[PDB]
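Undergrad: Let me see the structure of the following:
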Amino acid sequence: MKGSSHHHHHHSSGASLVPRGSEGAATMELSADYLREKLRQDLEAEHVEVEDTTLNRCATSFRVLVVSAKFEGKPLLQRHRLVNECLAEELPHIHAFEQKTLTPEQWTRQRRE
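TA: Residues are numbered from 1 along each chain as shown. Structure as follows:
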């Protein structure tokens, strides 16, 4: 049907063609280091550790760790919500995400694992 209108002309875009590299699976898109570095610089932490259960599988999960005082200044719930706000668009793509924020004193106090 063509009752409801919205766009008379065709969509357009702009992308220059230059030598460098082609596309792939997700070597650059969606990665542990991507979310790690992003959160680290975005949240500005001291020590961070990211992990993954190998994307090549039925189940996919990502683990992120952050240790600093910047989180202390903000409420407990604000900490977790902060990490979610950053990867808000990426979150939906993550089948399973798990983050944990703590202080440098607590971590250094008891860091067995």
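Undergrad: C-alpha from now on. contacts and neighbour counts both.
TA: Will do.
Undergrad: If we go by neighbour counts, what in the helix or strand encompassing residue 77 is buried?
TA: Per DSSP states H and E, residue 77 falls inside helix 76-86. Within helix 76-86, the residues that qualify as buried by neighbour count (16 or more other CA atoms under 10 Å) are 79, 82, 83, 84.
Undergrad: Please apply the same query to stretch 59-72.
TA: Neighbour-count burial for stretch 59-72, with 16+ other CA under 10 Å as criterion, is recorded at 62, 63, 64, 65, 66, 67, 68, 69, 71.
Undergrad: from those residues, which ones fall inside helices?
TA: Secondary structure of the buried residues of stretch 59-72 is defined by DSSP state H; positions in helices are residue 71.
Undergrad: So for the strand or helix carrying residue 51, what gets flagged as buried?
TA: Secondary structure here is read from DSSP H and E; on that basis residue 51 sits in strand 47-52. By 16+ other CA under 10 Å, the buried positions in strand 47-52 come out as residue 50.
Undergrad: Walk me through which strands that strand pairs with, and which way each runs.
TA: With DSSP bridges as the test, strand 47-52 is paired with strand 62-67 (antiparallel).
Undergrad: So which of the buried residues of stretch 59-72 is the closest to residue 28?
TA: Ranking these by separation from residue 28, with CA to CA as the measure, puts residue 62 on top at 15.8 Å.
Undergrad: can you pull the contacts of the closest one?
TA: Applying CA atoms under 8 Å, 6 or more residues apart in numbering, we find residue 62 in contact with 32, 50, 51, 52, 53, 94, 96, 97, 98.
Undergrad: And the residue lying closest to the first one once chain neighbours are set aside, how far from residue 6?
TA: Spelled out, it's residue 32. Using CA to CA, 6 or more residues apart in numbering and skipping residues adjacent in sequence, the residue nearest residue 32 is residue 50, 5.7 Å away. Computed as CA to CA, to the nearest Å, the residue 50 to residue 6 distance reads 45 Å.
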